[PDB]
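Colleague: Residue numbers (the working numbering), protein chains in the order written: chain A, 316 to 457; chain B, 25 to 199; chain C, 91 to 296; chain D, 466 to 523; chain E, 506 to 542.
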Amino acid sequence: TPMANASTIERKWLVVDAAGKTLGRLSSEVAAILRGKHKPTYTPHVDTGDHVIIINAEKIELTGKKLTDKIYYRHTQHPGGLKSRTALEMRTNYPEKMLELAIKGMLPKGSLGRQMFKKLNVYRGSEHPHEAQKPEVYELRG
Amino acid sequence: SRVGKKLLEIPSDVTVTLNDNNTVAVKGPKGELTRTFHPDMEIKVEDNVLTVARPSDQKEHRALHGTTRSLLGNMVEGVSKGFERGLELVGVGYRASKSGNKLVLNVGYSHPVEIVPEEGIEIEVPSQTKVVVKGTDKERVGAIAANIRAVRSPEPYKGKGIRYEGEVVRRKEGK
Amino acid sequence: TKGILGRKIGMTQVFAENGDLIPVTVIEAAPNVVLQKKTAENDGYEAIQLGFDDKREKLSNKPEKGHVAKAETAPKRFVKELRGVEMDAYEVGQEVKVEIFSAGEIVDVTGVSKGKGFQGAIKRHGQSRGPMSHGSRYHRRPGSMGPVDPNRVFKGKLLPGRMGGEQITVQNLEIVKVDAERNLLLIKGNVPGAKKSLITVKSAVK
Amino acid sequence: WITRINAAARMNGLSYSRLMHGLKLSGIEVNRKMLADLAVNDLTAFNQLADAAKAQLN
Amino acid sequence: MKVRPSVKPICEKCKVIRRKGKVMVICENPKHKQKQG
RNA sequence: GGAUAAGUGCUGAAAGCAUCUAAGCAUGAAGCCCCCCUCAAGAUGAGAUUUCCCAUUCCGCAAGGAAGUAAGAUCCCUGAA
RNA sequence: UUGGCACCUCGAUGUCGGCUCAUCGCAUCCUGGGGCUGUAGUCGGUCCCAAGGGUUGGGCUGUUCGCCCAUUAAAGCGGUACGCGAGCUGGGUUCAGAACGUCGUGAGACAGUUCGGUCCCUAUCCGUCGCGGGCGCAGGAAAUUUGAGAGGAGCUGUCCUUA
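1) So is C:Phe244 in contact with chain A if we call contact Cβ pairs under 8 Å?
2) When you compare only the Cα positions, how much space is there between B:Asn45 and B:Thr39?
3) Can you list the residues of chain A that D:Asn477 reaches, using a CB-CB cut of under 8 Å?
4) Compute the Euclidean distance between the alpha carbons of C:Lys187 and C:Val124, then round it to the nearest angstrom.
5) Determine whether the Cβ of D:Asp516 lies closer than 8 Å to any Cβ atom of chain A.
6) Alpha carbon to alpha carbon, what distance is there between B:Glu142 and A:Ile369?
7) Does any C-beta atom of chain C lie closer than 8 Å to the C-beta of A:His390?
8) In the DSSP assignment, what are the bridge partners of C:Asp143?
9) Do the stretch 156-165 of chain B and the stretch 101-120 of chain C make contact, defined as three or more Cβ pairs closer than 8 Å?
10) Please report how far the alpha carbon of C:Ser218 lies from the alpha carbon of C:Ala211, in whole angstroms.
11) Please list, in chain order, all residues of the same chain as C:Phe168 whose beta carbon is under 8 Å from its beta carbon, the five residues on each side excluded.
12) For C:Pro240, which of helix, strand or coil comes out of DSSP?
13) Listing by chain order, which chain A residues have their CB less than 8 Å from the CB of D:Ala473?
14) May I ask you to list, following chain order, the residues of the stretch 477-510 of chain D that have a beta carbon less than 9 Å from some beta carbon of chain A?
15) Taking 7 Å as the cut-off, is the beta-carbon of E:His537 closer than that to any non-hydrogen atom of the ligand NAD?
16) Taking just the CA atoms, how far does A:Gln430 sit from C:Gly246?
17) Under 8 Å, Cβ to Cβ, is there at least one residue of chain D near A:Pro317?
18) Hey, how far is the Cα of D:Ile493 from the Cα of D:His486?
19) Give the DSSP-derived three-state secondary structure of B:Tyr181 in the structure shown.
20) So D:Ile470 and D:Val505 are supposed to be a Cβ contact under 8 Å. How far apart are they, rounded?
21) Could you give the residue range of the beta strand (DSSP E) that holds C:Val104?
22) Is there a Cβ of chain C sitting closer than 8 Å to that of A:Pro444, yes or no?
23) Buried or exposed, going by whether 16 or more other CB atoms sit within 10 Å of the CB of residue 549 of chain D?
24) Cα separation between A:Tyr357 and A:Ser322?
25) Leaving out five residues before and five after C:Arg242 in sequence, what residues of the same chain have Cβ atoms less than 8 Å from its Cβ?
26) For residue 274 of chain A, tell me which candidate among A:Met318, A:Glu325, A:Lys354 and A:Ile375 has the shortest Cα-Cα distance.
27) Give the C-beta separation of A:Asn371 and A:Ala334 to the nearest angstrom, bearing in mind that I take them to be a contact with Cβ-Cβ under 8 Å.
28) Which of the residues in the stretch 344-371 of chain A, read from start to end, lie with their CB under 7 Å from any CB of chain D?
29) Is the beta carbon of B:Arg194 sitting closer than 8 Å to the one on B:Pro180?
30) State the CB to CB distance for the pair C:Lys128 and C:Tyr180, rounded to an integer number of angstroms; the pair is presumed to be in contact (CB under 8 Å).
31) Beta-carbon within less than 7 Å of A:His445's beta-carbon, same chain only, minus the 5 sequence neighbours each way: which residues are those?
32) By alpha-carbon positions, which one of A:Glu373, A:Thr378, A:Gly379 and A:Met405 ends up nearest to A:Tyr388?
33) What is the residue span of the beta strand (DSSP E) that A:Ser399 lies within?
34) Check the Cβ-Cβ distances between A:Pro423 and every residue of chain C, and say whether any is below 8 Å.
35) Could you work out which residue in B:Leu74, B:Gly144 and B:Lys196 is closest to B:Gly28 when comparing CA atoms only?
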């Protein structure tokens, strides 16, 4: 007989900044926070997460040759319809899909996936419109 | 027997300025040149003596210890005396002159060819045969003169067109 | 970086100073009035909106009145919009006649092309047909659908539907003669659109 | 049950490992990961069970 | 060119220099120009 | 136009020289991404401006509900671009 | 491809060749870029980067192939149930009818040959082309758009001048 919290959750607003880190390990512990797996009242089905705002996403880094290698493949449905985009292409043209697509794979799939995915947003530069909620500052474990 | 382990000296008229982490500006009579280096390298400047030191002996530090010296060695030569590269053209109808700064090539084509000294580099034309590009940066003066050779590379049957000062051209004897 | 809009009538055949006869449309553009000057500081882009027809009383709506009546000239039926003009030349309410154009420049023409209704996969996509004899019961049909194994038909194979009606542009046309005293533009070529249908008349990128 | 004990541990700096390996040496305690969460929702008393194992980590 | 996987220097004055990830033979003779890959 | 592929380059070590390299740069193709044109906010991330209509009558304690309207639209009817 | 193995299919998976609609790979036939050449020049040979676009019209053959005629800048190869028969044709083998040669005393045979021979269906679901009705879009309604995102188009020869 455990406690299954359902919509009685004090949600939260954390901000994780993107100064110079690797977007795998910067999406790593954000994705646990997007479901709130750090929170002690974790039910696995009623979205116990909290909202995450990322600032300065275009200034995020990659070791190795991944600035040129990791081609981001999207596909149409029309025949022969792949559209290749490299990393530096995603980096400078528009990077507001460059951390979203690195977390869309990392949030679990289903109807609850997109429901948790609405809690995410990413702003290029130092916009942070969001002056009405008192957002907090979070620092990752590494 | 090493490139990097000896020293460099400031003879006169040169104020090498250790300014930032790596941006070191070198001023003087021919020009005022700047260069960013790698932050692991440590370059200390004595009384008109230039010393370059690396932290360890690694695959990184073998490469950078010779280059950062030799680039500064080139920055000494450009600020003190500069650089110049002459270009002799060979042939019959081949000729060249300037329209102010713009080098005009009446070389072999159905059109003239324009060359722009973009970053303030002296292109001195003593005659229709010889053209001298004079400046301060080997990565600029050597860079521009190569693209001048890219306008008309020499051919091994009759060596014609753009050619360096003592450029020994391969000779094919095709009948 | 300009443009007015008018109403197609039909072809003529006009002489141009030689034996050279030119196919000529008759575009009449009663003098268009700018209804709103959209700025980049609030709308996020640089554009302008024309207007063209003499609306009646009963035709107009009240929101079509209050949009006009700021620069109160007249309610006008058709509203279109031109990205990328000189905004520094115009003000809200300025009457624009045919005086822009001459009889010698490269001129772009968009429009609303005609209709053909539900007519299918020969006239709608130009495809051929099977032979009309040698026992074949196949003609006028859209071809095979595809190979076996992908189990579906690919999005990009063509099929019967409703030909025409879409918006279609013809680039790099040219104006034969400018007759601005009846607000008439004469453009060299066949311009899409049926009788009494509306056409934007830009200046093309040569 | 186990990821809630993770979540109670990272507000204490510990792992799931250093709790359960700690509680085998803190006491020889039997706390049967269901009812470990029932102390988590009384978190003021839970960390006295946690930091006692942290002292028994060292 | 000569582009073949069994790159090896031919004459006395051939030099074997590794460029851009590949291994090249650069000599006086342009006929000696070999490159694996 | 932008960034490159093969090349073609400079500069320049490691490895006093040489070296189109590891740093630092420039070129370079009917390729690639925009530029051209059409489609497109159900882009559930549902955008953005322009004006109009305004906060009415009843339950109900509220929450909520219905029932006449505004702006406009429909049934319907003469119609074919 | 010629083939091995007999695993799915003999309570049926209709099989070659052309017509219809094309799509995909690159070991490229043209077009773009180049490197070397026994590259004078004009043609060329050869590897390399290139898949965006194109790839002719006929006589014979059931033809695929190939020969041939005539062009073209080029006449590419290969999939995709040797693509496509609930889209089409039935010439081809492979039904009985007929005949020739040979085999067999014989009935009859023959991937040897010749002549003639019914190709069925009204579309549930997914899939496409097109159109619409509802609600959504924390008020209702009227017009215009930014553009996420997609698609189409993306081939080139002769001649003039430099000469």
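The C-beta atom is built at its ideal place from N, Cα and C for all residues, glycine as well.
Modeller: Looking at the atomic coordinates:
1) yes
2) 18 Å
3) Residues of chain A passing the Cβ test: none, with the nearest at roughly 11 Å.
4) 11 Å
5) no
6) 42 Å
7) no
8) DSSP output for C:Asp143 lists no bridge partner at all.
9) no
10) 9 Å
11) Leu95, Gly141, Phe142, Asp143 and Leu288
12) coil
13) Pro355
14) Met499, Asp502, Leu503, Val505, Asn506 and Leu508
15) With respect to the ligand NAD, the structure shown offers nothing to examine, as it has no ligands at all.
16) 33 Å
17) yes
18) 10 Å
19) coil
20) 7 Å
21) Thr102 to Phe105
22) no
23) Only positions 466 to 523 of chain D appear in this structure, which leaves residue 549 of chain D out of reach.
24) 12 Å
25) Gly236
26) Summary: the structure shown does not reach residue 274 of chain A, with chain A confined to residues 316 through 457, and so no result is reported for it.
27) 7 Å
28) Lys352, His353, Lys354, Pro355 and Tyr357
29) yes
30) Incorrect: roughly 11 Å between the Cβ atoms, too far for contact.
31) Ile368
32) A:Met405
33) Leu397 to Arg400
34) no
35) B:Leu74
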